[PDB]
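Asks: The data below comprise the sequence and an experimental structure of the protein.
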Amino acid sequence: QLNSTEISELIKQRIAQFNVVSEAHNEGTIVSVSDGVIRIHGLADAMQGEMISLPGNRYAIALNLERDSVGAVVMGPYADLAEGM
Amino acid sequence: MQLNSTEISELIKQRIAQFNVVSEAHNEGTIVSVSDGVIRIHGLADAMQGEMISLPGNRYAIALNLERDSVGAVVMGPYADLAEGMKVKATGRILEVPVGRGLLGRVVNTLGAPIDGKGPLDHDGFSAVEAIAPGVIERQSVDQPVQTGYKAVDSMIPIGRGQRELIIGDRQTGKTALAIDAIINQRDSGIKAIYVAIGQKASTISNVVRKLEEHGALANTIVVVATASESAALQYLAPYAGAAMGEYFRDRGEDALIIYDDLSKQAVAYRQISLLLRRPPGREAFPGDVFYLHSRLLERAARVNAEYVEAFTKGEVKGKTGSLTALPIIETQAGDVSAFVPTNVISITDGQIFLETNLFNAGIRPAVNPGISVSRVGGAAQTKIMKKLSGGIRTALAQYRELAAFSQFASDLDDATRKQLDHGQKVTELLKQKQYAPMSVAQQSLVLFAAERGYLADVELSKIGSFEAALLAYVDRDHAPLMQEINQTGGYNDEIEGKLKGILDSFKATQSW
Amino acid sequence: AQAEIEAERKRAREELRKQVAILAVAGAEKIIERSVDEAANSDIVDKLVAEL
Amino acid sequence: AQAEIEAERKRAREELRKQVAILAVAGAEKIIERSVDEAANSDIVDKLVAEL
Amino acid sequence: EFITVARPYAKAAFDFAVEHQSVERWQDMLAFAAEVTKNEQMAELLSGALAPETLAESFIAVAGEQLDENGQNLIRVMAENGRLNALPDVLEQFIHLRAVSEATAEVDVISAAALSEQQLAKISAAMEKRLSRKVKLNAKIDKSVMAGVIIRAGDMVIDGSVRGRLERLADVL
Amino acid sequence: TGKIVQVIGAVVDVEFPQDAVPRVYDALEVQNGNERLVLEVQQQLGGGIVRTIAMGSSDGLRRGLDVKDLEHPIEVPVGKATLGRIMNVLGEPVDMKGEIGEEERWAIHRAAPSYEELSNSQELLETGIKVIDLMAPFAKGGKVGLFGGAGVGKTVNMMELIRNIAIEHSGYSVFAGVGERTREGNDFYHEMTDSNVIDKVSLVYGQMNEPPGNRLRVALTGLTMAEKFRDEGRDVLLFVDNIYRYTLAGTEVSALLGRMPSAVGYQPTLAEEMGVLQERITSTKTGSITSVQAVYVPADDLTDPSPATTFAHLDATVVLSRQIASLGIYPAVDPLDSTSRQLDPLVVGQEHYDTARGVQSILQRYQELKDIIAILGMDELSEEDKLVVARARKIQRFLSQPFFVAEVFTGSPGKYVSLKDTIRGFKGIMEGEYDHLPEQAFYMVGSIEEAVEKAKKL
Amino acid sequence: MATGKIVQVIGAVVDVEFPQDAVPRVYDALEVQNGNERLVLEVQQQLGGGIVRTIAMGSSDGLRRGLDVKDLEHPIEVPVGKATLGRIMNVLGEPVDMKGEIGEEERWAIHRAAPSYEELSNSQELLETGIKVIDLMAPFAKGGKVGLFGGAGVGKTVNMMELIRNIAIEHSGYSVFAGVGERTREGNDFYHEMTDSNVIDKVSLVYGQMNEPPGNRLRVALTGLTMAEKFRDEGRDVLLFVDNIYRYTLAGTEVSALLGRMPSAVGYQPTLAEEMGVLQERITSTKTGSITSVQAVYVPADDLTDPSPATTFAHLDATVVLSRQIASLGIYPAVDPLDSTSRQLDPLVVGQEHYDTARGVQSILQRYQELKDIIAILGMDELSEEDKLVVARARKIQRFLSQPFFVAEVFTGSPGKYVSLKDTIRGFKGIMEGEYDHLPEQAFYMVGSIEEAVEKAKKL
Ligand SMILES: Nc1ncnc2c1ncn2[C@@H]1O[C@H](COP(=O)(O)OP(=O)(O)OP(=O)(O)O)[C@@H](O)[C@H]1O
Ligand SMILES: Nc1ncnc2c1ncn2[C@@H]1O[C@H](COP(=O)(O)OP(=O)(O)OP(=O)(O)O)[C@@H](O)[C@H]1O
Ligand SMILES: Nc1ncnc2c1ncn2[C@@H]1O[C@H](COP(=O)(O)OP(=O)(O)O)[C@@H](O)[C@H]1O
Ligand SMILES: [Mg+2]
Ligand SMILES: [Mg+2]
Ligand SMILES: [Mg+2]
C-alpha cells in the first residue's frame, strides 16, 4: 500500500468539483522532479513522443502516458524546475 | 569462607536507600508484529534512530527504520517471547558497553555481560559502542613495531602500531592461528589484546581461550564473543563493541591490538538484518551501505598524537601517544577476491596477508604468499636490524617464483640463475615455522642474517631446518648478551654485523646440525 | 588452582544475591497488599500531581 | 575447597533466612512516604519461615 | 495498514470542511460511510474487482445521508484509487486532526480506586499546562494496580503506580 | 477460536481474537476432513493474524475452518521409552507397535548450553577406515561431517561408522533420518532388528516424501531425544542422515513466509537457522554427544552457501569427490580437502602427524605435475618427478579399502585396519620400501601385508 | 523560521515535508539541529506534494521524526580563493585543521555547469615527469587529464606522490588536492609531508575520509573542483590531484538504492555515466586558464571491464595502467606499457625520434608476450635464435622500465632516481640495438639511467 499521486490539494479540488475535465486538455502541472524525469498531472491530450514546452524555452518528451499522469524527460538542464510549474 | 553471607544483606538492603520515588515520564509504543527477530512498533513519536528501545523483561531493541507511522527495530537477544500489543518504552539512551582495565582476562558477550562465570565485572564506567574516529589533525604517523613472532610476517609484511592489516584466505588455512599467535606474543610487549569472535561455534572459543590460558596470554587479553546461536544484531555489533574497548586503551596512551575474527560473518549478519527490514538488496544481495559498515569500523584503529591524549585525559596523561591496531580476518570462497565483501575490506585496510591452500598443502606453513601480500606501512614499522635484512628478502623471493616457473624445463642454468634457483628454495624453507612457537627479534634477525650473508648456501635443504634449530640453541647458551642487546635496542652497526659474523663463523665451524 | 577457587566463591555470592532479591520483592509486594492504606494511596496521588 | 563452599552455603542459608525479615524498609519506607506502623507484625515472620 | 493511505484524504476533507465551516456534519458523514464499509454484503462487493465507477455509484446508492455535492465526490475520489476500506481510518484521522485544530486533548487516567473531584481537578489543571491544550479526562480504574495512578496523554506516560515501583525497584538487581 | 484466512502451499494464516493471539512456536490444531492437522506458529502479523506452517498435507483445507489453540509448543517423548522405536516428527509412533510408554515430554525448541557448561576432550576415537583416521581423525564427543555430491558415498561411509563405532561403543544412540530415502530407513531398521541391536537405538524419520514442515522440524525432534540422554549423564551417538535437507526445507517455506530472497535464492536467515540447530549438538560437562552428519553438496559446488556455512560448525570434515569415485577408488575421500582439528602433534603425536603431512605433500605435488603430464606425457618429467608420480599413484590406491557393508556391491570381504597398520603402511610406501610392487597390488587391500600377498599373484 | 519537518529517516536518507508553496529547489541545502550539533541536508528529489528526499551531510544518528528543518535558499557554498591556501577543509568548506576561521571574501556554489564549447582550448604543450615509462610511453601535456588506473596495492598513491614531488614543487602556481574517500592516516602523512617540505602555503586540501557519512564522500570532489575553478577563472594555471575518483561513484551507489532508483549493470546506479560526465566535464582548460589534473582510479579486482573504470577511460587524455601481474614480480613502477597510452604520443607533438622509440618498445614487448607462452611449456630451445634474441632484449627492456622513487626509499631502502626525457630515449634505443646485449637481466632491475646499468652488472 502506497500513495499514487494522492496529494491533499488535488484531492481537495476533486472534492469541490469532481468534473475537473471542464479545464482544458492542453495544459498541466509538474508534480515531481528527479534525475531529469518529471511527472506531470494533466495534459489529457498528450501523445507519445510529443514535445512539452517548459518554462525557460525548454522541452520534454512525453514517454509514459499513465492513467493519472505523464512521465516526461527533460531535454536540457532540469535542476531548477519545481513542482507546481 | 563466606562470612560475607551476612554482608551481602547489608549491600542488598542499602539498595533501597538509593532507589528513587520520582515518577519519570517516557514515550510509549505498542508492538504490532513479531517475526525473525524484527519488530514493528506503532507510536514512539519521539524515538531516535539508533536509540535503545526497552521491552518487557530486561530486553532491548535498536531502532533502525524510522518510517512514517511505524518504527522497525531489531531485538538483541531471544525474541520469541514477545507478542503483539506489548507496551514498549523509548529511553533516551544510545548503546554503551562496560569498559576499562578490569576487562582483561574476562570473556564477555557483545553487550559486555561476563559469560566466563568468574563473577561480576570490574570496570571503569561505560562507553558508546558507536563513535566517530580521530580526524586527520589528531593522528600521528605509524612508526613503531608490533611483533608477530612469525619469520614470514615480521620480515616480509611488517605491522606497525596503529596499522590495519587484513588476514585473508580460504577455510582451514591458518587464519585464526596467525592472529592468536600475534596475541600470544604480546604477553610481554605491553600491548593489550582484544579478540572478537563473530559467529564462531562456542566450543571453538573454549579451545582458543584454553590455549591463551595455557600460555601467559589470557591475562593480557579481552575476549568478546558472539557465537553462532546469538542473534544477528549481537553479531553485527560485536566488532563495534570490541573497538570501543580498544579505544579506552588508545585514548589513555596505551597500545591495544584487536582481532576481528570473520568480518565476513559480520556482513552476513548485517545482510540478514537488512533483508528482514525489507531494505533493497544491492549486489550479491548485500545492502549498499556494507562498505560504510566496515570502513567506519576500521578507521577507528589509529595512532593519536600526544595532544589528543592530553585533551582527552584533561592533563592527567601528558607526552604519550596511544594506538589501536586492528587485524581483521576475511574468508574467501575459492581465492576469489572479487566478491563484494572481500573487495570492500581490501580497499579499506593498510595491507593484506594472503594465506593459500596450495602452499599449505605443500607444507609451507605459515602459508604466506609473498607476491600478493603487501604492507603499505612497510619499513617504518620495523626495527632497524630487521629493516636492513628483510627489505631484500620479500621482493627477491617473489622473483624466485617467476624464475622457477620460467626455468622449469630448461636444462642449462647460468650460475646467476642457478644461484638464484637455489637461494630462493633455501629462503622458502627457512620461513616455515611451527604453531605456538614465536621467535624474538634477535632470534629472527640472526636466522635472516645467515640467509642474507650466504652462510646457508652449502647446507643441504632438509638440514636447513635443523641448522636453524641448532643455531638458536648455540647462540642462547654462548652469546645471550648480544641477544639481550638486539632485543632491547633493535640496533644495528658495524660491530653488530661483526659480532653476528663472528657468531655465524664460529657456529658453522664448531657445531653440528 | 587458587584462581579457579576464588572465582567460584565470587560466583556463589552473586548467586546468593540473585536468590534473596527475587523473594524479597515478592515479599514486599505482600507488605503492600497487607499494609496499603487509602490515605496513603491518596498521599501518593496528591504528591505526584503536585510535581508532574 | 568446593566441599567447603558446599558446606558454607548450608550455613549461609540461615543468614539469608534471617535477613529476609527486613522487608519493611523496601516496601513501606519507599512507597508510603512517612514511616509505617507494623500492620504485618505476624505476616512478616509468616513470610520468613514459609518462603525460606 | 490503511493508516498511511488514509492521511491524504483525511487532511483534504478537514481543510475543506473548515473553509465551508461544516466540520460537525462531515464527521457524521464519515461515520456513516465507515459503517456501510463494514456491512457483510458490501464487504464482498468492496473486495471483488468491480470497475471503480460501477463500484462507486453502487456505494453512493447505499448512502442517502451523505452531502452529495461534497460527500459523493470524496467517495468517487477514493473509489478511483480503490481506497474505500481506508474510510474507517480516514474517520479517525479526521477526528484527530480536528482535536489538534480545536487544541483539545483526551487523557486517560488509571488507578487502583476511583479518584476525588479535587484530584481530577489537579490532574486536568496540570495537564493543560503540560500540553498547552484543553484537556478532557476519562478514568479507567483497574483491578491490578494496587496503589497509585497512571496518566496517559497521546503516548507520553507518567507512572506513579506501586506496581511500577515494585518492578522498577526489582530492576536494580 | 481461530479462523483460517489464507492457505498458500505449506503456509496457513489464522486469525484470532486480539486478546488471545498465540505465542511464537505454539502448536495449533485443525480438523482436515477425517484427520487432525497440527500447525506451528512462525510469525505474528498485525491485527491478530498469525502465520503458521503445516506439519502435514495442507490440501483439502478451506478458508473459514475453526482452529484450536494449544497452549504449548510441539512436545515429544524422551527417555528410555523411545529406545528401539521409530517416531514421527510429532513424536508419534510410526512402527505398528503400541503407544510409547512416555514419562515425560520435552519441547523441541530449546536454548543451547551456556559457555560455562562446555567441555573439551582429546580422546581419539578409532575407526576401521584407513583414510579417515589417518587424514582426519576425530575424538569422542566431537562432530564429523561427510560432504559430497549426489551418489558419491555419504551413506555407505556413515554405515561403516555405525558398524565400527556404535557397536564397540556401549551407550545409547540416536539416528535421525532427515529428508532421505524411505527404502533406506526400512533397510536400516531391519538390520538393527536382525542384529538385536535395535533396543539401543532411537530412530526419528522424516523422509523426502514428507511435506516441508516435517523435514524442517524432524531434525529438532532428533536432537531433543539426544539431549535427554546427554543430560541424564550418558555418552550418546547422534547420526543425522542429511543435514542439507533442513536448510532446503527452510528455502521452500521462506518465500511463502514473505522474506526477501538472498544470495542464490536462499532464505536470508540461513546462517542463523543452521547455527541454532548446530550449537545444540555439543558435548557438555554433564555428558557427551558424538555426532556424524552427512552433508549433501548441491551440483557438486562446495562454494554454495549451504555447504560453506556448515564447514565452520564441525570438528572433522571429510570431503568425497565424484572424480575419485569414478575411478572406482572407494571411499572416495579427497585427502587434500579433508581435514581435522585433531591432526595436531600434541594429540596425535609426531609419527602420525609426520606421515599425514608427508602424504599430503606428495599428493599435492602430483596435482602440480598433472597439467604437465596431460599435454606432454610423463616422459618429459624429471627422474625425481617420475618417482613422485610412481609413489603418489600407489598412495592413492592404498587409500582404498573393502567395507563390510559394501560386500553386496564389491563381493570381496570387508577389512578393519588398525591405526598402527595404517601409519606403518604409508610410512613404508613413502620411504620407498615397496617401489618394486605394481599399482594394482595396493588397490582394495586391507593392510600392507595384504598388498604384498596380492603382488605375488599380481 | 524553520518550515519543514522530518517524516522519515532510513539510513543516510531523510525525507522532509514543507508547505506546498515553499518547497526547496533541487540541490538546495537544508539545516536541522541533531541535538547539540547542527546538521546539513542536500535536496536530491522533489516528490509527492511538498515532500523532498535528501542526503545527510553527517550522521543520521539521533534524528527524530518531527524535527523542524530550516530552508536555506542556496546550494552548498564553499570558500574559494587565496584564503583557502594552506588550509584543510571538509566537504562543507569548514576548517578541520584547528587553525581558525578561513577568512574568505567570496563563496561559490559547488554545483555549476561546465564550460561551453566555444571556451575550450587545445594547447598540448608537452610536460616532463621524470619517470621513464610515463615520459616515453604516455607523455603528459599541460592542461590535460591523466588517469592512474589500478587495483588495490599496485602503486597509485606513491606514483601520485612522485608526480606531486616532481611537477607540483616545480610548477610555480597553486595546487588543489582532493582527498576523496581517502584513508585518514595517509591524509595526515601528506599534510605533514607538505608542511615539512614547506610547500603547504601553495596548496589547499579538501579531505573527505572514508569514515565520513556517504553524503560527504558523494560531494567532496565537487568542493575540490570549485576551488580549482576559482583559480582557473582568475587566469592562473593550477594542478588538481584527486585521491580516488572511484569512491565518488561508489558513494552514489550507496544512496541510489535508498533514493528509490532501480538497479543496473553490476548493481550500479542507472545514472553512472551521467554522474561521471557531469563531474569530469568541469575539469578542463579554457581560454582563460588551465587545469592540469592527475586522478587515481580504483579498478575493482583489477577487472578493467567493470563499468566504473571502463566509463572513466573515455574522459582522460593520458591513461597509465598499473597491473598486479607486474606488481607481483615487485618490479615497480608496475606500469604496463602495452595498455598505457596517451593522446600526445604522435609524431606531430613528440617528434619522430620519440615516436619511433615508443612504437619500437611496444612491438618488442608484444612479440615477447607470445614467445613467453611457447617457452613455459616447450622450453626456450624450440625458438629461432632470432626469437631467442628478442626474448632476451625484451626481458631486459621489461626490467629497464623500472626506476626507484625518492618517495619510496622507506620501502626499498635505496636512493631514488630522476631521468631526463633525452636520456630515457637514448637508453631504450640502446637495448633495442646491440649495445647492451651482453648485460644480464638483473643488471637492469631498479637501476636508473642506462649509464649506471653497466655498473650494477659489474657489481652483480
Ligand atoms: N604454522 C602452522 N604450522 C602447522 N600447522 C598449522 C599452522 N598454523 C595452523 N595450522 C593448522 O591449520 C589448521 C587450521 O588452522 P586455523 O584453525 O587457524 O585455520 P582457519 O583458516 O582459522 O580455519 P577456519 O577457516 O575453520 O577458521 C589447524 O589444524 C592448525 O593446527
Ligand atoms: N566403499 C564402497 N564400496 C563400494 N561401493 C561404494 C562404496 N561407497 C559408495 N559406493 C557406491 O556408491 C553408490 C552410492 O553411494 P551412497 O548410496 O552411499 O551415496 P549416497 O550418500 O546415498 O548419495 P545420495 O545420498 O546423494 O544419494 C552405491 O552404489 C555404492 O555402491
Ligand atoms: N614505486 C614503488 N616502490 C616501492 N614500493 C612500492 C612502489 N609502489 C608500490 N609499492 C608497494 O606497494 C604498497 C602499496 O602501494 P600504494 O600506492 O601505497 O597503494 P595504492 O596503490 O593502493 O594506493 C606500498 O606500500 C609499497 O609497499
Ligand atoms: Mg578460524
Ligand atoms: Mg545418501
Ligand atoms: Mg591508495
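Replies: Thanks, I have the structure now. Numbers count the residues shown, from 1 in each chain, chains lettered A, B, ... in the order given. Ligands and ions are numbered 1, 2, ... in the order given.

Asks: Please count neighbours and contacts with C-alpha atoms only from this point.
Replies: Fine.

Asks: which element follows the longest helix anywhere in chain C toward the C-terminus?
Replies: Longest helix of chain C, by residue count under DSSP state H: helix C:2-33. Once the chain leaves helix C:2-33, the next helix or strand it forms, by DSSP states H and E, is helix C:38-49.

Asks: buried residues in the longest helix of chain C?
Replies: C:8-9, C:12-13, C:16-17, C:20-21, C:23-32 (16 or more other Cα atoms under 10 Å in any protein chain shown).

Asks: again with stretch F:418-438
Replies: For stretch F:418-438, burial by neighbour count (16+ other Cα under 10 Å) applies to F:418-419, F:422-427, F:429-430, F:434, F:437-438.

Asks: Stretch F:222-236 now?
Replies: Buried residues in stretch F:222-236 (16+ other Cα under 10 Å): F:222, F:223, F:224, F:225, F:226, F:227, F:228, F:229, F:230, F:234, F:235, F:236.

Asks: Now do the first one against residue F:177, distance only.
Replies: The gap separating residue F:222 from residue F:177 is 9 Å, by Cα to Cα, to the nearest Å.

Asks: Which residue does chain A have closest to ligand 2?
Replies: Nearest residue of chain A to ligand 2, counting by Cα to the nearest ligand atom: residue A:1, 44.9 Å away.

Asks: Tell me how far the residue of chain A found nearest chain D lies from residue E:6.
Replies: Nearest residue of chain A to chain D, counting by Cα to the nearest Cα: residue A:1, 49.5 Å away. Distance, residue A:1 to residue E:6, by Cα to Cα: 11 Å.

Asks: These two: which is more packed in?
Replies: Neighbour count, other Cα atoms under 10 Å in any protein chain shown: between residue A:1 and residue E:6, residue E:6 has more, with 25 against 9.

Asks: phi, psi of the most centrally placed residue in chain A?
Replies: Residue closest to the average C-alpha location in chain A (Cα atoms, centre = their mean): residue A:40, at 0.9 Å. Note on residue A:40: its backbone torsions stand at phi -120, psi 130 [degrees, to the nearest 10].

Asks: ok, and the closest non-adjacent residue to it?
Replies: Leaving out its chain neighbours, the residue that sits closest to residue A:40 by Cα to Cα, 6 or more residues apart in numbering or on different chains is residue A:30, at 4.4 Å.

Asks: So which elements touch the helix or strand where the one you found lies?
Replies: Residue A:30 is located in strand A:28-34, with elements delineated by DSSP H and E. Judged by 3 or more Cα pairs under 8 Å, 6 or more residues apart in numbering or on different chains; DSSP states H and E, strand A:28-34 is in contact with strand A:37-42, strand G:37-47.

Asks: Now it: buried residues?
Replies: For strand A:28-34, by 16+ other Cα under 10 Å, it's A:28, A:30, A:31, A:32, A:33, A:34.

Asks: which ones are touching the third one?
Replies: Each residue near residue A:31 by Cα atoms under 8 Å, 6 or more residues apart in numbering or on different chains is listed here: A:38, A:39, A:40, A:41, A:83, A:84, G:47, G:48, G:49.

Asks: Contacts only, for the residue nearest to it when sequence neighbours are not counted.
Replies: Closest residue to residue A:31 apart from its sequence neighbours, by Cα to Cα, 6+ apart: residue A:83 at 4.8 Å. Residue A:83 is in contact with A:29, A:30, A:31, A:32, A:33, G:46, counting by Cα under 8 Å, 6+ apart.

Asks: from the residues you listed, which is closest to residue D:47?
Replies: Nearest to residue D:47 out of the contacts of residue A:83 is residue G:46 (Cα to Cα; 68.0 Å).

Asks: got a list of what that closest one touches?
Replies: Contacts for residue G:46 (Cα under 8 Å, 6+ apart) come out as A:32, A:33, A:34, A:82, A:83, G:25, G:26, G:52, G:53.

Asks: For it, name its beta-bridge partners.
Replies: residue A:33, residue G:52 (DSSP bridges).

Asks: Can you report how many residues lie near residue A:70?
Replies: Considering only other Cα under 10 Å, residue A:70 is surrounded by 24 other residues.

Asks: Would you quantify the distance from the residue of chain A found nearest ligand 3 to residue F:318?
Replies: Relative to ligand 3, the nearest point of chain A is residue A:35 (32.8 Å; Cα to the nearest ligand atom). Remark: distance between residue A:35 and residue F:318 (Cα to Cα) = 55 Å.

Asks: Next: residue F:19.
Replies: 52 Å.

Asks: Just checking, which helix or strand succeeds whichever strand in chain E runs longest along the chain?
Replies: Across chain E, the strand with the greatest residue count (assigned by DSSP state E) is strand E:104-111. Tracing the chain past strand E:104-111, the next element assigned as helix or strand by DSSP H and E is helix E:117-131.

Asks: quick check, that following helix touching chain C?
Replies: Yes - Helix E:117-131 lies within reach of chain C by Cα under 8 Å from any Cα of the partner chain, at E:119, E:122, E:123, E:126.

Asks: Alpha carbons of that helix, as CSV, please.
Replies: Extracted in CSV, the C-alpha atoms of helix E:117-131 (Å, rounded to 0.1, in the frame of the first residue of the first chain):
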residue,chain,number,x,y,z
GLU,E,117,-13.1,15.6,42.1
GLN,E,118,-10.3,17.5,43.7
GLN,E,119,-7.7,15.1,42.4
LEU,E,120,-9.3,15.2,38.9
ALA,E,121,-9.2,19.0,39.1
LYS,E,122,-5.4,19.0,39.9
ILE,E,123,-4.7,16.4,37.2
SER,E,124,-6.6,18.3,34.5
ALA,E,125,-5.2,21.7,35.6
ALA,E,126,-1.6,20.3,35.5
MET,E,127,-2.0,18.6,32.1
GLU,E,128,-3.4,21.7,30.4
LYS,E,129,-0.1,23.5,31.4
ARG,E,130,1.9,20.4,30.3
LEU,E,131,0.2,20.3,26.9
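
Asks: Can you give me the buried ones in it?
Replies: E:120, E:123, E:124, E:126, E:127.

Asks: which residues does the last one contact?
Replies: When contacts are counted by Cα under 8 Å, 6+ apart, residue E:127 is found next to residue E:135.

Asks: So which of the buried residues of helix E:117-131 is the closest to chain G?
Replies: residue E:127 (21.8 Å).

Asks: how far away is that closest one from ligand 2?
Replies: When distance is defined by Cα to the nearest ligand atom, to the nearest Å, residue E:127 is 71 Å away from ligand 2.

Asks: Roughly how far does that residue sit from residue F:188?
Replies: 75 Å.
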